[PDB]
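Participant: Quick note on the authors' numbering: the sequence shown kicks off at -1 and runs consecutively.
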Amino acid sequence: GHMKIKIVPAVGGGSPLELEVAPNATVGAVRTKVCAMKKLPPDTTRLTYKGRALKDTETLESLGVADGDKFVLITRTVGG
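#1: When you compare each of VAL76, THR43, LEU58 and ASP54 to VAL19 by their alpha carbons, which one comes out closest?
#2: What is the DSSP secondary structure of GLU59, reduced to helix, strand or coil?
#3: Alpha carbon to alpha carbon, how far is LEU45 from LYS36? Give it in angstroms, no decimals.
#4: Buried or exposed: where does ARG29 fall if 16 or more other Cβ atoms within 10 Å of its Cβ makes it buried?
#5: Let me know the secondary structure DSSP gives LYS4 once reduced to three states.
#6: Name the two residues that bound the continuous beta strand (DSSP E) containing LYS68.
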């Protein structure tokens, strides 16, 4: 099935994202999709969930995500 998740920037006025995501998708997949939308190199970004640093291969099932939950997107400089 799918759950609705929100992605909000840690800083600034960038738009939040709302994605419908499969529960067997992983954190890394979410980050790939967010970075595709944001036009960002993946390694310039991290996602946190309730403040926690995340392993890319967590599924959203294993992490205990629920419909409506939010991840925070932390970004860095992009010229490296």
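The C-beta atom is built at its ideal place from N, Cα and C for all residues, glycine as well.
Facilitator: The relevant details are as follows:
#1: Ranking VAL76, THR43, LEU58 and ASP54 by CA distance to the CA of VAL19 puts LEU58 first.
#2: helix
#3: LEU45 has its alpha-carbon roughly 13 Å from the corresponding atom of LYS36.
#4: buried
#5: strand
#6: 68 to 73
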